[PDB]
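Contents: one structure, followed by commentary.
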Amino acid sequence: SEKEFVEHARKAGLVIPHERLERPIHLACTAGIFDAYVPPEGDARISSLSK
Amino acid sequence: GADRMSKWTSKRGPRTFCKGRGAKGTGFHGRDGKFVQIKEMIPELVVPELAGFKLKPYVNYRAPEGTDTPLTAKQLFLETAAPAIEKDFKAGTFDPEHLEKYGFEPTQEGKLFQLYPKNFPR
Amino acid sequence: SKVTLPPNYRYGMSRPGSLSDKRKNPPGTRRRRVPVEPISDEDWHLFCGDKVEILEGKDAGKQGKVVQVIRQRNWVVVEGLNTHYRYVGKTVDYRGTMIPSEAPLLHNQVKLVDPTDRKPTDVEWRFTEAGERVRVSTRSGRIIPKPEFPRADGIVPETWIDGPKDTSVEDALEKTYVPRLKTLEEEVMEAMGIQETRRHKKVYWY
Amino acid sequence: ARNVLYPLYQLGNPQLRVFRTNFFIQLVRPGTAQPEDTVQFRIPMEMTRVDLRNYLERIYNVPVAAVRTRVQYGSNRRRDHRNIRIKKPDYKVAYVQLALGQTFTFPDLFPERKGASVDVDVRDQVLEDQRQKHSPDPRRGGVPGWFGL
Amino acid sequence: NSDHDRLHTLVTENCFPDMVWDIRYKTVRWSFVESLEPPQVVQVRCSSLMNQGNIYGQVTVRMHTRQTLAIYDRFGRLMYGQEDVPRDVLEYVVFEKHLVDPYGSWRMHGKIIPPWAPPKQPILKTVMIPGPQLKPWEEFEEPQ
Amino acid sequence: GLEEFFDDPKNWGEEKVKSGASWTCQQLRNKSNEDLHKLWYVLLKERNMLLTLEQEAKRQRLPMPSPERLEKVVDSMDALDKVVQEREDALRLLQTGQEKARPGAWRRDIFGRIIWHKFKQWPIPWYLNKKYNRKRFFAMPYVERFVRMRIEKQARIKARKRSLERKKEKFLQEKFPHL
Amino acid sequence: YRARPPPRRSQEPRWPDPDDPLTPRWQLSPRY
Amino acid sequence: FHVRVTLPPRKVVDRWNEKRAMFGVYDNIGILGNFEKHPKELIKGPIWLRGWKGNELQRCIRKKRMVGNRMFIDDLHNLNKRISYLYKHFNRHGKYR
RNA sequence: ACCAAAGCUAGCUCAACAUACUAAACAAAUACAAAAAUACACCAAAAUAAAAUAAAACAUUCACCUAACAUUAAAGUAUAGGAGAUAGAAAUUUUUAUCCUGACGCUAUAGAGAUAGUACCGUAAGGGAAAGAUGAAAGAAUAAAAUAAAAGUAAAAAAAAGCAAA
Ligand SMILES: [Mg+2]
Ligand SMILES: [Mg+2]
Ligand SMILES: [Mg+2]
Ligand SMILES: [Mg+2]
Ligand SMILES: [Mg+2]
Ligand SMILES: [Mg+2]
Ligand SMILES: [Mg+2]
Ligand SMILES: [Mg+2]
Ligand SMILES: [Mg+2]
Ligand SMILES: [Mg+2]
Ligand SMILES: [Mg+2]
Ligand SMILES: [Mg+2]
Ligand SMILES: [Mg+2]
Ligand SMILES: [Mg+2]
Ligand SMILES: [Mg+2]
């Protein structure tokens with residue numbers, strides 16, 4: 001007479017489980033392009049001639 | 001009906017059921033019905049002087065530990081009585097009958113802190 | 001303190017008392033038991049921090065450093081070799097930080113490699129004449145040094161600074177014990193000069 | 001001390017002395033508005049008023065004046081997944097009124113840091129900017145923006 | 001071709017999501033036809049982090065080249081553009097390599113587009129951009 | 001000195017507070033009884049402070065800064081208590097030869113079990129004790145049947161545990177034919 | 001494989017331990 | 001009547017293991033061995049069933065007579081009740097009489 | 001298309017051997033109203049088994065029925081029995097040491113009641129359950145594949161007439 005439902009999908013991560021990982025994350029890349037290239041304003045009229 | 005798994009504490013009975021929670025008694029009942037507290041029954045905390053104490057609750061992390069060698073009766077005897085016995089036997093004055101001069105207590109009923117009856121809490 | 005676990009417990013590379021493990025397996029679950037090959041502590045030759053090679057998988061023949069070992073499921077994991085990609089930053093309307101996590105591997109799939117020729121070998125335990133038990137390779141016939149690995153605390157003894165509540169090494173290692181036949185109580189009473197003349201009466205025990 | 005066998009007292013017996021006490025107390029912030037001279041402790045259930053008075057006067061050298069104790073009962077209503085009641089342990093609460101006119105106010109043991117607040121605000125702003133720049137362009141209508149042309 | 005394993009081998013973890021997330025439920029027909037200007041290396045940058053003792057080197061390559069892109073819908077209808085149009089595109093592909101790693105494959109990391117680049121080809125369908133949804137206690141403000 | 005229940009005011013808001021390693025049995029044994037007695041209260045003050053900090057963290061719904069300090073202090077106090085108990089046990093073995101510090105006897109209660117009845121401290125002998133005299137240390141003839149049931153139940157439990165372990169070993173050998 | 005050694009009836013005399021309480025009485029009677 | 005949707009793991013049973021190869025190898029130990037041992041002695045099992053066969057009542061009677069002094073309390077009670085029930089059923093119930 | 005369906009494990013059962021048999025915990029408190037440190041006592045007790053049943057009734061009788069002598073025979077014999085139902089020996093004979101022990105036993109309505117003597121039901125003695133299923137990895141839930149097969153519904157209410165079918 002007192003059976004209940006289960007499986008309430010929730011995502012709640014705290015700083016303690018986010019910092020209590022024994023082994024660290026072994027990344028294969030970086031977050032972004034450090035020292036991002038800034039192309040010069042004039043490229044459309046310089047791509048016409050090769051030299 | 002009433003519960004059976006729950007603990008039978010002093011909160012679960014009538015007024016006439018006043019059960020202690022485990023604290024040791026500290027006196028008796030006097031003449032006119034009051035409670036007479038005995039000073040000797042109250043524990044006296046023997047707290048030392050920590051003003052000049054050069055030790056801290058934690059040890060240095062680089063300090064080495066040692067191999068676990070729990071102290072045994074054999075080691076205690078070797079440390080406290082074996083040199084004296086050896087020296088006295090070499091001198092030739094050793095008396096097997098009398099051992100009270102070496103720390104041996106034939107009867108514990110004389111001293112204050114007895115070992116087998118355990119007259120002291122801690 | 002230690003946590004208690006039901007006998008029907010499955011190990012998933014997560015701390016048993018961790019929130020992720022709790023959400024994966026609630027306290028009321030009991031899953032099917034997986035067969036685990038019994039390997040004793042005296043025969044477990046795969047430690048943490050040593051270089052190993054991969055036998056089967058997508059990264060066949062690749063070598064990596066062991067970062068964790070789980071004795072309950074006979075699992076050994078290497079950093080960034082056998083990897084599947086997962087998203088860790090999940091929100092209602094934003095995603096990112098897709099990192100490659102790595103799956104565990106078995107002792108039958110991971111074997112130790114000696115640092116001399118960097119070729120796969122079979123490890124057998126041997127007793128040296130010096131009283132030490134060091135792993136000895138059989139393919140080549142050389143000993144493999146113990147792979148010293150940093151502990152999970154994160155502090156190395158070489159660089160440590162004492163705080164206000166830490167004893168100095170000399171004070172901690174100073175020996176002041178005089179092994180006499182007096183109790184701690186008697187010695188403290190004598191040291192502090194507490195004089196007690198009267199003695200206890202007769203007490204019956206039964 | 002607790003969990004130890006106190007020696008039986010009879011007429012003329014020596015004074016009972018405890019050298020290494022087994023009692024550990026906690027100083028708690030009152031949940032109700034108390035007067036300035038009252039300090040709230042959570043003490044082991046085996047401790048008495050005289051024991052707490054000696055504990056505070058000797059170990060910490062606190063001029064206490066009054067001690068009043070009560071036993072708080074822990075709830076036994078919450079049920080486990082096996083329908084077995086889980087009982088929170090009972091605990092002893094003591095109120096200590098100071099003597100020499102000293103007034104004790106529980107300190108703020110977690111003061112917020114301005115630098116920490118600024119760092120949190122900067123992180124939140126960066127996350128919001130990242131979400132805004134990752135949000136798809138409505139004018140594109142679901143066509144991916146990764147491809148050049 | 002929807003080859004996720006080889007795509008992971010080729011591009012990096014910062015490039016796979018931006019190119020797969022919003023394309024998994026569509027059909028793409030991408031082809032390479034010509035390259036008028038060969039790709040040219042523009043700059044090389046290196047970042048060393050001493051916390052882990054790891055050095056990452058990214059090389060930026062400017063590429064002006066011609067493809068034929070046709071992105072289809074999940075129902076099989078055209079969505080972005082026709083298949084036979086050889087449009088010219090100029091981009092800056094930034095590759096990243098982990099030099100400390102013994103293997104260290106060269107993987108595409110980022111795609112930089114100039115701010116002055118011409119706008120992409122218009123989509124085939126029309127788009128409605130709704131105005132700010134107003135509660136009864138809010139009055140619309142006309143921006144000028 | 002009521003502030004001793006709290007840490008230094010400069011460490012109140014810090015997220016992580018570092019501390020040294022825990023005391024060990026060899027280091028405790030190297031020290032004299034005076035230093036052990038002083039270190040007991042030195043650790044007692046720190047344990048009280050850490051308990052106060054933990055309770056305040058629970059009250060404020062914030063994580064306690066580096067909660068391993070309480071575990072380290074508890075371990076150090078346990079090691080000190082173990083060292084003192086070892087010294088007392090060795091001395092009492094030397095002086096009296098009794099292994100246990102409290103008198104006791106192997107008794108047989110009315111339920112048929114063999115128990116270790118510890119002795120309590122009384123002001124009157126055993127034959128004059130109202131409360132002690134009505135206790136019963138012996139088993140009536142109707143208890144042998146229940147004792148036999150207990151023996152048989154334990155035997156059944158042990159036998160089925162052994163059979164389970166044998167079946168598990170055989171299944172593992174069948175599943176992993178490495179021989 | 002190789003078969004186990006055949007079960008053979010030993011021809012030497014057999015004498016049970018008289019001190020064993022578990023030995024049957026027919027093995028201790030004089031007729032035995 | 002729902003039946004499984006997956007193939008069960010096909011048991012790789014071999015007919016040439018040790019037990020199957022040496023099954024009943026000394027069944028003729030007497031006949032080919034200048035009689036000393038009956039094939040009774042090769043039977044491994046309960047003490048009250050080595051070289052003997054009977055119906056349920058006879059088996060229960062023999063078990064009680066042979067190993068009844070070492071049975072547990074409930075086991076002996078169950079054996080006695082089974083013996084009584086079998087006696088009553090066999091000596092008072094049936095059709096052919 | 002919902003509801004749903006299928007795993008193979010937890011563990012059980014029956015025997016052999018066996019140390020020789022009330023496991024581990026027992027810091028303190030526990031037969032004051034158990035888990036309540038502490039006061040001049042009293043403590044202990046035995047006296048046949050009965051009946052349901054069979055004798056087609058039921059009165060004398062009614063194998064086993066919580067007491068050791070096991071096995072092959074004598075033998076279901078001598079005997080005892082409202083001489084009915086049934087009960088039933090003995091004298092006298094046979095029994096060669098140890099390993100070779102696992103399973104033509106069950107696989108979650110089965111096998112122990114057991115995930116447990118727990119929830120729950122009774123004042124108490126006492127009775128007593130049901131409930132598990134992905135994956136090498138869920139530190140792979142913008143998660144991936146197999147059945148979409150019971151009854152009950154929806155997709156899709158019905159059109160004179162009748163054991164509903166032929
Ligand atoms: Mg009830
Ligand atoms: Mg009450
Ligand atoms: Mg009331
Ligand atoms: Mg008073
Ligand atoms: Mg009160
Ligand atoms: Mg009748
Ligand atoms: Mg009838
Ligand atoms: Mg009638
Ligand atoms: Mg009748
Ligand atoms: Mg009868
Ligand atoms: Mg007659
Ligand atoms: Mg008649
Ligand atoms: Mg069942
Ligand atoms: Mg249907
Ligand atoms: Mg019709």
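As shown in the structure tokens, the chain order sets the letters A, B, ...; within each chain, residues go from 1, and ligands are also counted from 1 in the order they appear.
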Could you write out as a PDB file with N, CA, C and O atoms (P, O5', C5', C4', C3', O3' and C1' of nucleotides), in the first residue's frame the residues of chain I within 9 Å of chain G, counting only C-alpha atoms (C1' of nucleotides)?
ATOM      1  P     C I  69      21.078 -49.911  22.427  1.00  0.00           P
ATOM      2  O5'   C I  69      21.802 -50.352  21.078  1.00  0.00           O
ATOM      3  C5'   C I  69      21.066 -50.498  19.868  1.00  0.00           C
ATOM      4  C4'   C I  69      21.953 -50.368  18.654  1.00  0.00           C
ATOM      5  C3'   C I  69      22.582 -51.671  18.165  1.00  0.00           C
ATOM      6  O3'   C I  69      22.717 -51.623  16.746  1.00  0.00           O
ATOM      7  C1'   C I  69      24.287 -50.140  18.728  1.00  0.00           C
ATOM      8  P     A I  70      21.508 -52.082  15.795  1.00  0.00           P
ATOM      9  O5'   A I  70      21.836 -51.377  14.406  1.00  0.00           O
ATOM     10  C5'   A I  70      22.106 -49.985  14.337  1.00  0.00           C
ATOM     11  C4'   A I  70      23.189 -49.695  13.330  1.00  0.00           C
ATOM     12  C3'   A I  70      23.257 -50.650  12.150  1.00  0.00           C
ATOM     13  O3'   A I  70      22.319 -50.341  11.134  1.00  0.00           O
ATOM     14  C1'   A I  70      25.416 -50.382  13.054  1.00  0.00           C
ATOM     15  P     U I  96      35.697 -57.400   6.172  1.00  0.00           P
ATOM     16  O5'   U I  96      36.792 -56.332   6.615  1.00  0.00           O
ATOM     17  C5'   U I  96      36.487 -54.943   6.663  1.00  0.00           C
ATOM     18  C4'   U I  96      37.682 -54.105   6.285  1.00  0.00           C
ATOM     19  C3'   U I  96      37.728 -53.662   4.825  1.00  0.00           C
ATOM     20  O3'   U I  96      38.398 -52.406   4.734  1.00  0.00           O
ATOM     21  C1'   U I  96      39.613 -54.997   5.296  1.00  0.00           C
ATOM     22  P     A I  97      37.634 -51.032   5.073  1.00  0.00           P
ATOM     23  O5'   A I  97      38.545 -50.370   6.202  1.00  0.00           O
ATOM     24  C5'   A I  97      39.822 -50.913   6.508  1.00  0.00           C
ATOM     25  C4'   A I  97      40.799 -49.854   6.958  1.00  0.00           C
ATOM     26  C3'   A I  97      40.867 -48.604   6.093  1.00  0.00           C
ATOM     27  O3'   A I  97      39.865 -47.658   6.423  1.00  0.00           O
ATOM     28  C1'   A I  97      43.054 -49.410   6.480  1.00  0.00           C
ATOM     29  P     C I 100      38.441 -38.302  -1.620  1.00  0.00           P
ATOM     30  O5'   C I 100      38.622 -38.958  -3.061  1.00  0.00           O
ATOM     31  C5'   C I 100      39.345 -38.290  -4.086  1.00  0.00           C
ATOM     32  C4'   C I 100      39.655 -39.218  -5.232  1.00  0.00           C
ATOM     33  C3'   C I 100      38.452 -39.847  -5.918  1.00  0.00           C
ATOM     34  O3'   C I 100      37.853 -38.989  -6.873  1.00  0.00           O
ATOM     35  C1'   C I 100      40.054 -41.519  -5.453  1.00  0.00           C
TER      36        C I 100
END
Using only C-alpha atoms (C1' of nucleotides) and all ligand atoms, which residues have at least one atom no more than 10 Å from ligand 7? Output them as a PDB file with N, CA and C atoms (P, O5', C5', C4', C3', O3' and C1' of nucleotides), in the first residue's frame.
ATOM      1  N   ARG H  92      -2.267 -48.542   4.517  1.00  0.00           N
ATOM      2  CA  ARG H  92      -3.690 -48.266   4.632  1.00  0.00           C
ATOM      3  C   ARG H  92      -4.308 -47.584   3.419  1.00  0.00           C
ATOM      4  N   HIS H  93      -3.518 -47.141   2.445  1.00  0.00           N
ATOM      5  CA  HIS H  93      -4.046 -46.412   1.302  1.00  0.00           C
ATOM      6  C   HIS H  93      -3.583 -47.057   0.006  1.00  0.00           C
TER       7      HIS H  93
ATOM      8  P     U I  53      -9.799 -39.554  15.251  1.00  0.00           P
ATOM      9  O5'   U I  53      -8.690 -40.483  14.588  1.00  0.00           O
ATOM     10  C5'   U I  53      -8.075 -40.124  13.361  1.00  0.00           C
ATOM     11  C4'   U I  53      -7.016 -41.120  12.967  1.00  0.00           C
ATOM     12  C3'   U I  53      -7.488 -42.551  12.785  1.00  0.00           C
ATOM     13  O3'   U I  53      -8.073 -42.773  11.515  1.00  0.00           O
ATOM     14  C1'   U I  53      -5.525 -42.530  14.095  1.00  0.00           C
ATOM     15  P     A I  54      -9.192 -43.906  11.334  1.00  0.00           P
ATOM     16  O5'   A I  54      -8.395 -45.267  11.541  1.00  0.00           O
ATOM     17  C5'   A I  54      -7.466 -45.729  10.572  1.00  0.00           C
ATOM     18  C4'   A I  54      -6.952 -47.101  10.926  1.00  0.00           C
ATOM     19  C3'   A I  54      -8.011 -48.109  11.341  1.00  0.00           C
ATOM     20  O3'   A I  54      -8.652 -48.720  10.238  1.00  0.00           O
ATOM     21  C1'   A I  54      -6.258 -48.135  12.912  1.00  0.00           C
ATOM     22  P     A I  56     -13.183 -54.153  12.389  1.00  0.00           P
ATOM     23  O5'   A I  56     -13.894 -52.838  11.848  1.00  0.00           O
ATOM     24  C5'   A I  56     -13.855 -52.492  10.469  1.00  0.00           C
ATOM     25  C4'   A I  56     -13.559 -51.027  10.287  1.00  0.00           C
ATOM     26  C3'   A I  56     -14.517 -50.075  11.018  1.00  0.00           C
ATOM     27  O3'   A I  56     -13.802 -48.972  11.578  1.00  0.00           O
ATOM     28  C1'   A I  56     -14.441 -49.538   8.724  1.00  0.00           C
TER      29        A I  56
END
Give as a PDB file with C-alpha atoms (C1' of nucleotides), in the first residue's frame the residues surrounding ligand 13 up to a distance of 10 Å, considering only C-alpha atoms (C1' of nucleotides) and all ligand atoms.
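As written to disk, result11.pdb reads:
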ATOM      1  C1'   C I  12      20.115 -22.501  -1.623  1.00  0.00           C
ATOM      2  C1'   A I 108      14.355 -15.193  -8.065  1.00  0.00           C
ATOM      3  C1'   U I 109       6.058 -18.027  -7.933  1.00  0.00           C
ATOM      4  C1'   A I 110      12.235 -22.693  -8.200  1.00  0.00           C
ATOM      5  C1'   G I 111      16.058 -23.559  -4.183  1.00  0.00           C
ATOM      6  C1'   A I 112      16.310 -22.214   2.884  1.00  0.00           C
ATOM      7  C1'   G I 113      10.922 -18.233   5.303  1.00  0.00           C
ATOM      8  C1'   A I 114      15.180 -15.263   4.127  1.00  0.00           C
ATOM      9  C1'   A I 130       7.383  -9.210  -1.497  1.00  0.00           C
TER      10        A I 130
END
For this session: Return as an MDAnalysis selection string every polymer residue, whether protein, DNA or RNA, with at least one atom no more than 8 Å from an atom of ligand 5; count only C-alpha atoms (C1' of nucleotides) and all ligand atoms.
Result: chainID D and resid 68:70
Residues just named, written with N, CA, C and O atoms as a short mmCIF file (atom, residue, chain, number, x, y, z; two decimals), in the first residue's frame:
data_model
loop_
_atom_site.label_atom_id
_atom_site.label_comp_id
_atom_site.auth_asym_id
_atom_site.auth_seq_id
_atom_site.Cartn_x
_atom_site.Cartn_y
_atom_site.Cartn_z
N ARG D 68 23.58 24.86 33.24
CA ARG D 68 22.28 24.19 33.17
C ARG D 68 22.27 23.25 31.97
O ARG D 68 22.56 23.68 30.85
N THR D 69 21.93 21.99 32.20
CA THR D 69 22.01 20.97 31.16
C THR D 69 20.63 20.41 30.84
O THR D 69 19.73 20.41 31.68
N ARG D 70 20.49 19.93 29.61
CA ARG D 70 19.28 19.22 29.19
C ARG D 70 19.68 18.17 28.17
O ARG D 70 20.78 18.21 27.60
#
Exercise. Taking only C-alpha atoms (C1' of nucleotides) into account, which residues of chain C are within 6 Å of chain I, as JSON, numbers by chain?
Worked result: {"C": [30, 32, 33, 103]}
Exercise. Can you list, as a ChimeraX atom specification, every protein, DNA or RNA residue that comes within 12 Å of region 10-15 of chain A when you count only C-alpha atoms (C1' of nucleotides), leaving out same-chain residues fewer than 3 positions away?
Worked result: /A:6-7,18-21 /C:18-20,23-24,88-92 /F:15,62-64 /I:141
Which residues sit within 10 Å of ligand 2, counting only C-alpha atoms (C1' of nucleotides) and all ligand atoms, listed as a PDB file with N, CA and C atoms, in the first residue's frame?
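For reference, result-v8.pdb as written:
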ATOM      1  N   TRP B   8      14.529   2.038  25.641  1.00  0.00           N
ATOM      2  CA  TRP B   8      13.696   2.323  26.808  1.00  0.00           C
ATOM      3  C   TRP B   8      14.417   3.348  27.672  1.00  0.00           C
ATOM      4  N   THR B   9      14.304   4.617  27.290  1.00  0.00           N
ATOM      5  CA  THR B   9      14.942   5.709  28.003  1.00  0.00           C
ATOM      6  C   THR B   9      13.959   6.341  28.984  1.00  0.00           C
ATOM      7  N   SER B  10      14.432   7.357  29.704  1.00  0.00           N
ATOM      8  CA  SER B  10      13.626   8.010  30.727  1.00  0.00           C
ATOM      9  C   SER B  10      12.555   8.929  30.155  1.00  0.00           C
ATOM     10  N   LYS B  11      12.598   9.227  28.857  1.00  0.00           N
ATOM     11  CA  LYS B  11      11.575  10.051  28.231  1.00  0.00           C
ATOM     12  C   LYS B  11      10.318   9.270  27.874  1.00  0.00           C
ATOM     13  N   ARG B  12      10.369   7.941  27.903  1.00  0.00           N
ATOM     14  CA  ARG B  12       9.292   7.102  27.398  1.00  0.00           C
ATOM     15  C   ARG B  12       8.425   6.506  28.500  1.00  0.00           C
ATOM     16  N   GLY B  13       8.584   6.949  29.741  1.00  0.00           N
ATOM     17  CA  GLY B  13       7.830   6.385  30.833  1.00  0.00           C
ATOM     18  C   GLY B  13       7.012   7.416  31.583  1.00  0.00           C
ATOM     19  N   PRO B  14       6.419   7.003  32.702  1.00  0.00           N
ATOM     20  CA  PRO B  14       5.660   7.950  33.530  1.00  0.00           C
ATOM     21  C   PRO B  14       6.564   8.889  34.311  1.00  0.00           C
ATOM     22  N   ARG B  15       5.970   9.701  35.189  1.00  0.00           N
ATOM     23  CA  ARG B  15       6.765  10.586  36.034  1.00  0.00           C
ATOM     24  C   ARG B  15       7.651   9.793  36.983  1.00  0.00           C
ATOM     25  N   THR B  16       7.143   8.671  37.497  1.00  0.00           N
ATOM     26  CA  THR B  16       7.883   7.870  38.464  1.00  0.00           C
ATOM     27  C   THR B  16       9.055   7.122  37.848  1.00  0.00           C
ATOM     28  N   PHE B  17       9.174   7.101  36.522  1.00  0.00           N
ATOM     29  CA  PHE B  17      10.296   6.459  35.844  1.00  0.00           C
ATOM     30  C   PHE B  17      11.309   7.539  35.484  1.00  0.00           C
ATOM     31  N   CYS B  18      12.343   7.673  36.311  1.00  0.00           N
ATOM     32  CA  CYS B  18      13.410   8.651  36.113  1.00  0.00           C
ATOM     33  C   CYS B  18      14.725   7.884  36.046  1.00  0.00           C
ATOM     34  N   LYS B  19      15.067   7.410  34.853  1.00  0.00           N
ATOM     35  CA  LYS B  19      16.263   6.608  34.657  1.00  0.00           C
ATOM     36  C   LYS B  19      17.431   7.490  34.243  1.00  0.00           C
TER      37      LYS B  19
END
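Ranking B:23, B:73, B:99, B:59 by their shortest atom-to-atom distance to chain I, with only C-alpha atoms (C1' of nucleotides) included, puts B:23 first.
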For this session: Enumerate the residues of chain D with a DSSP assignment of strand (DSSP E), computed from the backbone, and present them as number ranges by chain.
Result: D: 17-18, 26-28, 38-43, 64-72, 91-98
Restricting the output to C-alpha atoms, write the selected residues as a short mmCIF file (atom, residue, chain, number, x, y, z; two decimals), in the first residue's frame.
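Just written: part-v3.cif:
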data_model
loop_
_atom_site.label_atom_id
_atom_site.label_comp_id
_atom_site.auth_asym_id
_atom_site.auth_seq_id
_atom_site.Cartn_x
_atom_site.Cartn_y
_atom_site.Cartn_z
CA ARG D 17 41.30 12.15 40.21
CA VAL D 18 41.10 11.83 36.42
CA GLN D 26 31.73 21.39 21.15
CA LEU D 27 30.95 25.11 21.24
CA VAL D 28 27.78 25.76 19.26
CA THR D 38 25.44 32.56 28.12
CA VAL D 39 27.54 30.10 26.10
CA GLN D 40 26.07 26.98 24.50
CA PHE D 41 27.97 23.68 24.45
CA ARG D 42 27.17 20.22 23.12
CA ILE D 43 28.64 17.79 25.63
CA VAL D 64 31.99 30.24 34.78
CA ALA D 65 29.12 31.02 37.15
CA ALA D 66 26.17 28.76 36.29
CA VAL D 67 25.66 25.57 34.28
CA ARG D 68 22.28 24.19 33.17
CA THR D 69 22.01 20.97 31.16
CA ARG D 70 19.28 19.22 29.19
CA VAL D 71 19.00 16.14 26.99
CA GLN D 72 17.88 16.69 23.39
CA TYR D 91 22.86 14.72 22.71
CA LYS D 92 23.35 16.77 25.87
CA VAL D 93 23.11 20.57 25.59
CA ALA D 94 24.65 22.77 28.28
CA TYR D 95 24.24 26.50 28.89
CA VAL D 96 27.08 28.16 30.80
CA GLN D 97 26.62 31.60 32.33
CA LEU D 98 29.87 33.48 32.90
#
Please build the interface table for region 15-44 of chain A against region 63-75 of chain C with a cut-off of 12 Å, listing for each qualifying residue the nearest atom pair and the distance in Å to one decimal; count only C-alpha atoms, order rows by chain and increasing number, and write it as a Markdown table.
| residue | atom | partner | partner_atom | distance |
| --- | --- | --- | --- | --- |
| A:21 | CA | C:68 | CA | 11.6 |
| A:22 | CA | C:68 | CA | 8.8 |
| A:23 | CA | C:67 | CA | 6.8 |
| A:24 | CA | C:67 | CA | 9.1 |
| A:25 | CA | C:67 | CA | 10.7 |
| A:26 | CA | C:67 | CA | 10.3 |
Exercise. How would you write, as JSON, numbers by chain, the set of residues in region 8-118 of chain D that DSSP gives as helix (DSSP H, G or I)?
Worked result: {"D": [49, 50, 51, 52, 53, 54, 55, 56, 57, 58, 59, 114, 115, 116, 117, 118]}
Output N, CA and C atoms of each residue in that selection to a file, as a compact mmCIF listing (two decimals), in the first residue's frame.
# COMPACT_ATOMS: atom_id res chain seq x y z
N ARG D 49 27.02 18.70 35.33
CA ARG D 49 27.28 20.13 35.49
C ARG D 49 28.61 20.38 36.18
N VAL D 50 28.91 19.61 37.23
CA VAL D 50 30.17 19.79 37.94
C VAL D 50 31.34 19.41 37.04
N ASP D 51 31.18 18.36 36.23
CA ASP D 51 32.23 17.95 35.31
C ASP D 51 32.49 19.03 34.27
N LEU D 52 31.44 19.63 33.72
CA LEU D 52 31.63 20.69 32.73
C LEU D 52 32.24 21.93 33.37
N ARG D 53 31.83 22.26 34.60
CA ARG D 53 32.41 23.40 35.29
C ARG D 53 33.90 23.21 35.50
N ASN D 54 34.31 22.03 35.95
CA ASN D 54 35.73 21.75 36.12
C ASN D 54 36.45 21.76 34.77
N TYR D 55 35.82 21.20 33.74
CA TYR D 55 36.42 21.16 32.41
C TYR D 55 36.71 22.57 31.89
N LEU D 56 35.76 23.49 32.07
CA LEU D 56 35.95 24.85 31.59
C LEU D 56 36.88 25.66 32.49
N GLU D 57 36.84 25.43 33.80
CA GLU D 57 37.65 26.23 34.71
C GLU D 57 39.12 25.81 34.71
N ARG D 58 39.41 24.54 34.44
CA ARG D 58 40.78 24.04 34.53
C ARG D 58 41.47 23.98 33.17
N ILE D 59 40.84 23.35 32.18
CA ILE D 59 41.49 23.20 30.88
C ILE D 59 41.58 24.53 30.15
N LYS D 114 36.10 39.72 -0.34
CA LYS D 114 35.81 40.60 -1.48
C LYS D 114 36.51 40.11 -2.74
N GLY D 115 37.76 39.66 -2.61
CA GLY D 115 38.48 39.12 -3.77
C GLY D 115 37.81 37.86 -4.29
N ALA D 116 37.35 36.99 -3.39
CA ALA D 116 36.65 35.78 -3.82
C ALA D 116 35.34 36.12 -4.52
N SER D 117 34.60 37.11 -4.00
CA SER D 117 33.37 37.54 -4.65
C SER D 117 33.64 38.12 -6.03
N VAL D 118 34.71 38.91 -6.16
CA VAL D 118 35.07 39.46 -7.46
C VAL D 118 35.46 38.36 -8.44
Exercise. Residues within 7 Å of ligand 4 (only C-alpha atoms (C1' of nucleotides) and all ligand atoms), as a PyMOL selection string?
Worked result: chain B and resi 34-37
Problem set entry | At most 8 Å from ligand 10 (only C-alpha atoms (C1' of nucleotides) and all ligand atoms): residue list as a list in words | residues 51, 62 and 65 of chain I
For this session: In Å, rounded to a single decimal, give me how far CA of residue 198 (chain C) is from CA of residue 95 (chain F).
Result: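 Interatomic distance here is 22.4 Å.
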Problem set entry | One-decimal distance in Å that lies between CA of residue 38 (chain E) and CA of residue 13 (chain E) |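 Rounded to one decimal, the two atoms are 26.6 Å apart.
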For this session: Show which residues sit within 10 Å of residue 22 (chain D), as JSON, numbers by chain. Count only C-alpha atoms (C1' of nucleotides), and ignore same-chain residues fewer than 4 positions away.
Result: {"B": [122], "D": [1, 2, 3, 4, 18, 44], "F": [40, 44]}
Problem set entry | Test item: chain B residues at most 7 Å from chain F, counting only C-alpha atoms, as a PyMOL selection string | chain B and resi 48+50+56-61+65-66+68+71-73+104-105+115-118
